[PDB]
Amino acid sequence: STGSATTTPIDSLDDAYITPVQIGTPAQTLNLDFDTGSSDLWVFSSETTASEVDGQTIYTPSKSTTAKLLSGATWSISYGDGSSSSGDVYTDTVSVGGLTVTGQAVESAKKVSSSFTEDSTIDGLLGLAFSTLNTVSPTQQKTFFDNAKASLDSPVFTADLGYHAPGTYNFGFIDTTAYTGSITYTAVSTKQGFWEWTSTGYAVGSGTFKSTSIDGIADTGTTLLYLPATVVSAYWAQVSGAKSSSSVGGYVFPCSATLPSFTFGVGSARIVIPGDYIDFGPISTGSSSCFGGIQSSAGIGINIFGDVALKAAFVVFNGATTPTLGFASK
Ligand SMILES: CCNCCOc1ccc(OCc2ccccc2)cc1
């Protein structure tokens, strides 16, 4: 089997992407944030505290003839950005782009943090990291990809995120029309439950490439590119008037600037992030100070190849017995 779904930016900055997901019988379509940095499929629901729902579409398990309470199961997650959610668990039929899993754990939120409430466009998350991170207790549950894997034509999914435009998540096949040149594959460590890999280095604009190992995660659920402070300082030093602002919480730059590109290595291959991808717009409405799309990871404990990086590439998440990542230009 295969599946193919379009993923759409939630706003004009590509702050996140949403993909429609069918849950239950008859189908209830929710727009989920596909997150290769987490492993829980959770939704706004009929159980969510009423004051914490503000325009999201909810899953109502009582209206699904295939929904079954997973007795005694709870979940609770806290994300790297400080957001959180928790609740109970149903199993139900879940389809993405034509690919159906029966018996998927659908984690129904009873509580969500303010950042979720305040974003009307995201109805929940669909985690695509390794199932070892799933938070369901006392019986850990599998991701949608892990449940689909054995049925797929190939045990893969691909992320093809757009810059200020829709893109695609495919399951079970690699669309050879969706990229240029060849896909370079690189080793993955699953030891922290992430799609963790080692970039071979970077360049700033037309500058010389610096060969250096940068360990990090391929994370579709993180907006920005978070890299070591040395690399980030080297990038922003090429932008007149850019500075790290403790008050704003990262590097800012004059909105009048034209940003340089940023290149990262994948083995001997190179992925070039155009400068425009690194502009996250005014820090506050009407400001001439703009927020940067490349930020330090120093305060995180891991480097994160988030959407800024991944949207410059066609990315293969290869769930073969030994997982690997593939990157192509496009
Ligand atoms: C650790 C990162 N990845 C997992 C958490 O992913 C989130 C997704 C959405 C969200 O909603 C608020 C929001 C949306 C867009 C950009 C900034 C913040 C919070 C967290």
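Order of appearance sets the numbers: ligands from 1, and atoms from 1 within every ligand. Numbers here simply count residues along the sequence, with the first being 1. The figures that follow rest on heavy atoms only: side chains count, while hydrogens, waters and symmetry mates do not.
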(request) For the pair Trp195 and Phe145, name the ring-plane relationship: parallel under 30°, tilted 30 to 60°, perpendicular over 60°. (result) tilted
(request) Answer yes or no: does atom NZ of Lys330 have more than 12 heavy-atom neighbours from other residues, nucleotides or ligands under 6.0 Å? (result) yes
(message) Check for me whether the distance between the ring centres of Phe280 and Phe291 falls short of 6.0 Å.
(response) no
(message) To check you understand the geometry: which heavy-atom pair defines the closest contact between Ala309 and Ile273, and what is its length?
(response) CA-CD1, 3.7 Å
(request) Consider every N or O of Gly221 and every N or O of ligand 1, then say whether any pair is closer than 3.5 Å. (result) yes
(request) Tell me which protein heavy atom sits closest to atom 19 (C) of ligand 1, plus the residue, atom name and distance to 0.1 Å. (result) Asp81 OD2, 3.4 Å
(request) Write out the residue and atom name of the closest protein heavy atom to atom 8 (C) of ligand 1, then the distance separating them to 0.1 Å. (result) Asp33 OD2, 3.4 Å
(request) Can you sort out which atoms of ligand 1 are near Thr222, meaning under 4.0 Å from one of its heavy atoms? (result) 2 (C), 3 (N)
(message) Given the ring of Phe264, does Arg270 sit roughly above its face, with NZ or CZ under 6.0 Å from the centre of the six-membered ring and within 45° of the axis?
(response) no
(request) Report yes or no: does a heavy atom of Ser115 sit under 4.0 Å from some atom of ligand 1? (result) yes
(request) Check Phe314, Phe317, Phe144, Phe34 against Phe157 for a ring-ring contact (aromatic ring centres under 6.0 Å, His included) and give me the one that passes. (result) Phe317
(request) Below 4.0 angstrom from a heavy atom of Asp35, which ligand 1 atoms are there? Numbered from 1 as shown, please. (result) 3 (N), 4 (C)
(message) Closer than 4.0 Å to some heavy atom of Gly80 - which atoms of ligand 1 meet that?
(response) 1 (C)
(request) Starting from atom 5 (C) of ligand 1, find the nearest protein heavy-atom neighbour and note its residue, name and distance. (result) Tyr79 CG, 3.4 Å
(request) Nearest 0.5 Å please: distance from the OG atom of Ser233 over to the CG atom of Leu227. (result) 12.5 Å
(message) In this structure, does ligand 1 have an atom that sits under 4.0 Å from one of the heavy atoms of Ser83?
(response) yes
(request) Fit a plane to each ring of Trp197 and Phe305, take the angle between them on a 0 to 90° scale, and name the class: parallel (under 30°), tilted (30 to 60°) or perpendicular (over 60°). (result) tilted
(request) Check whether any protein heavy atom sits under 4.0 Å from atom 13 (C) of ligand 1. (result) no
(request) Please indicate, with yes or no, if any protein heavy atom is found under 4.0 Å from atom 10 (C) of ligand 1? (result) yes
(message) Suppose we measure from atom 15 (C) of ligand 1 to each protein heavy atom; which comes out shortest, and what is that distance?
(response) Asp15 O, 3.6 Å
(request) Test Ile294 against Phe262 for side chain to side chain contact (heavy atoms under 4.5 Å, CB included), laying out the working first. (result) CA-CA 9 Å; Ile294 295 179; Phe262 184 90; 3.7 Å; yes
(request) Distance to 0.1 Å, residue and atom name: give those for the protein heavy atom nearest to atom 17 (C) of ligand 1. (result) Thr223 OG1, 4.5 Å
